[PDB]
2 protein chains.
Amino acid sequence: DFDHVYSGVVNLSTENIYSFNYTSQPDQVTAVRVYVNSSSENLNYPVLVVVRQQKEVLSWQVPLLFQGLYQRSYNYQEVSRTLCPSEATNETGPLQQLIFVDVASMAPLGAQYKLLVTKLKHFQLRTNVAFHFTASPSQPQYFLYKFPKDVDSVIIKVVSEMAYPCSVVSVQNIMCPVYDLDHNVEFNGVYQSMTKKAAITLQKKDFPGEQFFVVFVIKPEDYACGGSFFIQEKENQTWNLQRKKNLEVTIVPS
Amino acid sequence: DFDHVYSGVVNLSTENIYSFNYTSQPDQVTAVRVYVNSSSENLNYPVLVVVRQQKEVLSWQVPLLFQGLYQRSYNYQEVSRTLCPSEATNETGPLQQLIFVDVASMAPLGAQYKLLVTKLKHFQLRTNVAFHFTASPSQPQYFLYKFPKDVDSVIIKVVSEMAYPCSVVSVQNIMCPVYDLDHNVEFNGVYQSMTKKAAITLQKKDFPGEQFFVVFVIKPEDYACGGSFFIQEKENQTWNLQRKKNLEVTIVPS
Ligand SMILES: *[C@@H]1O[C@H](CO)[C@@H](O)[C@H](O)[C@H]1NC(C)=O
Ligand SMILES: *[C@@H]1O[C@H](CO)[C@@H](O)[C@H](O)[C@H]1NC(C)=O
Ligand SMILES: *[C@@H]1O[C@H](CO)[C@@H](O)[C@H](O)[C@H]1NC(C)=O
Ligand SMILES: *[C@@H]1O[C@H](CO)[C@@H](O)[C@H](O)[C@H]1NC(C)=O
Ligand SMILES: *[C@@H]1O[C@H](CO)[C@@H](O)[C@H](O)[C@H]1NC(C)=O
Ligand SMILES: *[C@@H]1O[C@H](CO)[C@@H](O)[C@H](O)[C@H]1NC(C)=O
């Protein structure tokens, strides 16, 4: 059941399996959202969490580890990701899709974890309607925009209040898996880094499906955006664990 | 047990689990190699294969699907990958490491799969000793090179016979996971595309661990290397299923 937070313990011998079932009616897209965290401060035994779809498998390790420049390590405890939104057409049918969440680890004593699942109520961006959302290095986001019939070009405008952390806004076509990671978001489509403002101009003629994904991914450090670095004698920067950035996104017709 | 090919059937209700255990003595690196293939020609239900380590989880889908330019799809049946090589130091101990291989799917009838596991006998490249190996878009490779005490710079030279397919040779530091995919290999470290020849100059001063990984990844198409494209009316190019490239690698002291 969505909108519920399960709590559990993991260890070498026991793994937890939760099967979710849901339907997506035609002309409406429903993106699933997974909200995991683990309280294990240790890094030699991170808890692995996998989400399996009908076609795609996505796995990650918690607490997520980042290796910035100058060999500083970062340990993030809250991780989150959005799955491939299965698309339905005028070929109707209540597609009774299923999604597995499997958690396991090999910690000698174990590790705590809390897991929440929820469909994104606002997944399809609307024209000229400003939306507010909070991102984070380990909590990337993305939403689907569908072009209108009359409009032939759009400008997507993103505004933030606090300049740091550095962030990246990308636009890709609809062919999942969706590239929403710091080391991979740059491979495909358009993208740009930003602190306060960003704007991408898109034409429907370059997108055969007349609908595209917009992905927001926050960097772990701020070197690429000209930021500074707090020199700390501790390699594991436990202070950099709650990085967040408020964001407003609006798509205006060109 | 390594050097053995297991055969099995997968479906919605049944999954297969095989736990492997092995040890890596200090000053010797042992990289595990996973050799999977599936005979399911269908693409709406690919079989998912995951490999779980003590810290890292790596998952892929078979038959692997590639989306080149001009919306041509490719279906590769043989997939393979090398895991994170756990490193042991003068702090001795026969590290009795374990690695899980879990296979599952939801095909309405099922899908065949054959799985083989083996340690790489030649994983640490030797100076001035030429090595021969066969790569492929879905079968990437990588090996570890360790700098000598006297030598301070090296040149790695790669030579192939057949110009196509296009390939990429990358060098990264030792901090796994190792970036050995077409959309990600370009993120970190040095790399270059090639058809027949390539050469990377490296200094030990830029590598704190005085040892680096060398990754060979073959592209699915040849557009980036100036190759042509066989125009076919079939979107699923079943002919492009056995792409291979013989390769010779030699590290000379600068
Ligand atoms: C979802 O699908 C599974 C198997 O496909 C089934 O066992 C389960 O009952 C379904 N959920 C609902 C609410 O019917
Ligand atoms: C973990 O996340 C859940 C919801 O995602 C939240 O209720 C809980 O407080 C979080 N735990 C910690 C320790 O932050
Ligand atoms: C068929 O497609 C059109 C345009 O995409 C849409 O307006 C209409 O609602 C669809 N029909 C049904 C029954 O959903
Ligand atoms: C490998 O480790 C597992 C559990 O850690 C153990 O059950 C198994 O016996 C080990 N393998 C060997 C050959 O001892
Ligand atoms: C699958 O791979 C195994 C070894 O990796 C090999 O023996 C077998 O012939 C392969 N099957 C097919 C259909 O290629
Ligand atoms: C200790 O390290 C040195 C250099 O790395 C190596 O030659 C030696 O064999 C190591 N000692 C043991 C007991 O492995």
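Note that chain B is numbered according to Swiss-Prot, with residues 47-300 shown in order.
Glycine is no exception: its Cβ is also placed from the backbone N, Cα and C atoms.
Listed in Swiss-Prot:
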CARBOHYD  B:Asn57  N-linked glycosylation site
CARBOHYD  B:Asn67  N-linked glycosylation site
CARBOHYD  B:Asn83  N-linked glycosylation site
CARBOHYD  B:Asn136  N-linked glycosylation site
CARBOHYD  B:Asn282  N-linked glycosylation site
B:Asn67, B:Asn136, B:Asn282: which of these glycosylation sites has the highest Cβ count within 10 Å of its own Cβ?
B:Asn282
Among the glycosylation sites B:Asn57, B:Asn83, which residue has the largest number of other Cβ atoms within 10 Å of its own Cβ?
B:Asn83
Residue among glycosylation sites B:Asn67, B:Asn83, B:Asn136, B:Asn282 with Cα closest to the Cα of B:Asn57 (N-linked glycosylation site):
B:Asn83
What's the CA to CA span in angstrom from B:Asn136 (N-linked glycosylation site) over to B:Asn67 (N-linked glycosylation site)?
22
Round to the nearest Å and give the CA-to-CA distance linking B:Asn67 (N-linked glycosylation site) with B:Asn83 (N-linked glycosylation site).
22
When you measure from each Cβ to the nearest atom of ligand 4, which of the glycosylation sites B:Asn67, B:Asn83, B:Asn136, B:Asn282 fall under 6 angstroms?
B:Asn67
Where the criterion is a Cβ under 6 Å from an atom of ligand 6, which of the glycosylation sites B:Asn57, B:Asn83, B:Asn136 meet it?
B:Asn136
Rounded Cα separation (Å) that holds between B:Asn282 (N-linked glycosylation site) and B:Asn83 (N-linked glycosylation site)
18
Using a Cβ cut-off of under 6 Å to any atom of ligand 5, determine which of the glycosylation sites B:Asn57, B:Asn83, B:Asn282 qualify.
B:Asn83
